[PDB]
Structure formats: C-alpha cells, structure tokens
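Notes follow once the structure below has been shown.
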Ligand SMILES: Cc1[nH]c(CC2=c3cc(S(=O)(=O)N(C)c4cccc(Cl)c4)ccc3=NC2=O)c(C)c1C
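Numbering (the authors' numbering), first residue to last: 1067 to 1097, 1104 to 1113, 1118 to 1147, 1152 to 1238, 1241 to 1346.
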C-alpha cells in the first residue's frame, strides 16, 4: 500500500522524453514535485510488486529511491537535474577537479556499500548508470524496476543476453553470473571512467573478445591525473580471484583517505 501511487496523483508528460530504453521509455512527470516516469511498452506481476517493495525501502543519499508505482505499470522516480555521471564528466560546460572526480567515486562506493549490505547485486554499474541531482549528489541508479538499456552501444549479445562486457569481471564473462564481487570489478572500471572524464574503456577491443584481451595479462592503463593509490585500488578491484577483491566498505575507506589528501 505504501508502494502504490494513485493514478489521480501522477501526471506523465509523454511529449517530453528523458530517454528511450529497449523495453520502455522514461518521461518528465509531475507528482508539486518533479519526477521521472518509466513506461514499460511483460513478466510476472507478483515478482514486479515485490521488487518494488524492496526498492522503495532502500534509503541512502547515494542510491536512487523509488517514489512509487502507478497502476502497463508506470515506475515513478525522482528527477535528476544533471543526468548521468558519464555525460556530466564529458560536458565542456562543467569543470570538476581531480578531488571532485574522486568524490564522485566515493559517493558511488557509499551507494554500493549500502546496496551490498542489503545483498543486492547491481549487475550494470557504470558511470552512465549513476545520476546527479541539483546538489550534484551522485545516485547509483538503473537497478530493479528502473533497469533497462539506454546506450545500446555498450551491450553485446550472447544465452542471447545483451551484456555490458567492458564492465564485467572475468568470471561473469565466463559464467554470466553476477555477484557483489563482480560489482566491485565494475566499480574499478567506473573509477577509470571518472579519471579519464568519460572515455570509453578498451576502445580497440571488440565485444566478447574482451576475455582473450584480459587473459593476455592486461588491465586498463592509469589515467594521467589518476593518483597512484587510486590506480592501485582499480587493480585490486580487478583481482583475478573474486574473493580477493576489496569490499565496498574497504573501498569507501581507501577512497575517503585518498580524497582527503586533495585541496579544491
Ligand atoms: C535531465 C536528465 N535527467 C536524466 C535522467 C533521469 C533519471 C534516470 C534514472 S535511471 O538511471 O535509473 N534510468 C532508468 C536511466 C538510465 C539511463 C538513462 C535514462 Cl533516460 C534513465 C532514474 C531517475 C532519473 N531521473 C532523471 O531525470 C537524464 C539522462 C537527463 C539528461
């Protein structure tokens, strides 16, 4: 009852599109609070409503909240003024510093520390999937009922599942199974995105050949303005043994220390 929003309360403006996914579409909406409304133009209804209960109960400053569900069902989400983290760091109008970028990474880690503590596996962590609000607070997003595929370029087929190979751990590429430890691998790649200001990872690699490229003894290179301790953290995130990768709690700890050494 706490998850359901009355159809009287929501106005969804289909003329103004925020983004087009594969399975649905997200629009500007009004609830007076400005929101984003995900349409699903099917799946089990039982599993849908129970997923919305888990999601609604997630409350963390660095995790995207679910405002609610309007009864195809409509998923109501907060409005995020500055859009996704990747586009934000690529914008020629914005000037984040090295400290700012490490800080964005710290916020994500805190968001993921929160999600990991609820035994929730994100599966698609990447800068494109983190959103910023008006206070430039980074929110880990595109999970649960909100989950879709918006930048088709970064997902590759084959089970004919369409997967973000360039963000995936070795074992996930082999087994197609995702864990919090494979989320940790994705977080290392996200750290790399931040320090290169939204560069595509492994440009001259194609698709599932990534496994062969990694097994060559390769990792993403250190960005110029990435601090040495931050690069060492990335390498730990990409440990070949999943269980030897740092927890998000350890990552929050290590990154908060690096962050604190910078001014401005
Ligand atoms: C001004 C603005 N807002 C947004 C996106 C946006 C959300 C994305 C999400 S999401 O990461 O969970 N998600 C489903 C999503 C992920 C990528 C692209 C898009 Cl359009 C949506 C959730 C709430 C949002 N509120 C928003 O305003 C974008 C991409 C822009 C340019």
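In this text, a Cβ means the ideal position worked out from N, Cα and C, and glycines have one as well.
DSSP three-state assignment for residue i, whether helix, strand or coil
i: residue 1198; result: coil
i: residue 1286; result: coil
i: residue 1069; result: coil
i: residue 1255; result: helix
i: residue 1172; result: coil
i: residue 1141; result: coil
i: residue 1245; result: strand
i: residue 1345; result: coil
i: residue 1118; result: coil
i: residue 1085; result: strand
6 Å Cβ shell around residue i - same chain, five flanking residues per side excluded
i: residue 1193; result: 1330, 1331, 1334
i: residue 1268; result: 1205, 1249
For residue i, the first and last residue of its enclosing beta strand (DSSP E)
i: residue 1319; result: It is not in any beta strand (DSSP E) - residue 1319 instead sits in the alpha helix (DSSP H) that spans 1310-1319.
Residues bridged to residue i [DSSP beta-bridge criterion]
i: residue 1096; result: 1077, 1106
i: residue 1211; result: 1164, 1219
i: residue 1158; result: 1107
i: residue 1237; result: 1244
Alpha-carbon spacing of residue i relative to residue j, whole angstroms
i: residue 1143; j: residue 1299; result: 44 Å
i: residue 1220; j: residue 1131; result: 12 Å
i: residue 1233; j: residue 1197; result: 31 Å
i: residue 1073; j: residue 1258; result: 38 Å
i: residue 1223; j: residue 1253; result: 21 Å
i: residue 1227; j: residue 1314; result: 31 Å
i: residue 1112; j: residue 1093; result: 11 Å
i: residue 1152; j: residue 1081; result: 18 Å
i: residue 1277; j: residue 1324; result: 24 Å
i: residue 1297; j: residue 1127; result: 37 Å
i: residue 1293; j: residue 1129; result: 37 Å
i: residue 1175; j: residue 1207; result: 17 Å
i: residue 1243; j: residue 1326; result: 28 Å
i: residue 1077; j: residue 1288; result: 43 Å
i: residue 1160; j: residue 1180; result: 19 Å
i: residue 1189; j: residue 1088; result: 28 Å
i: residue 1110; j: residue 1086; result: 10 Å
i: residue 1168; j: residue 1272; result: 13 Å
i: residue 1302; j: residue 1275; result: 10 Å
i: residue 1235; j: residue 1290; result: 10 Å
i: residue 1155; j: residue 1286; result: 37 Å
i: residue 1320; j: residue 1079; result: 42 Å
i: residue 1133; j: residue 1090; result: 24 Å
The alpha helix (DSSP H) enclosing residue i, as first and last residue numbers
i: residue 1294; result: 1292-1297
i: residue 1132; result: 1121-1132
i: residue 1232; result: Note, residue 1232: premise wrong, no alpha helix (DSSP H); not H, not E.
i: residue 1263; result: 1262-1277
i: residue 1334; result: 1330-1342
Nonlocal neighbours in the same chain, by C-beta distance under 7 Å from residue i, ignoring five residues either side
i: residue 1195; result: 1139, 1202, 1220
i: residue 1216; result: 1162
i: residue 1262; result: 1196, 1201
Same chain only: Cβ atoms within 8 Å of residue i, ignoring 5 sequence neighbours per side
i: residue 1338; result: 1186
i: residue 1256; result: 1293
i: residue 1170; result: 1279, 1280
i: residue 1183; result: 1341
i: residue 1284; result: 1248, 1292, 1295, 1302
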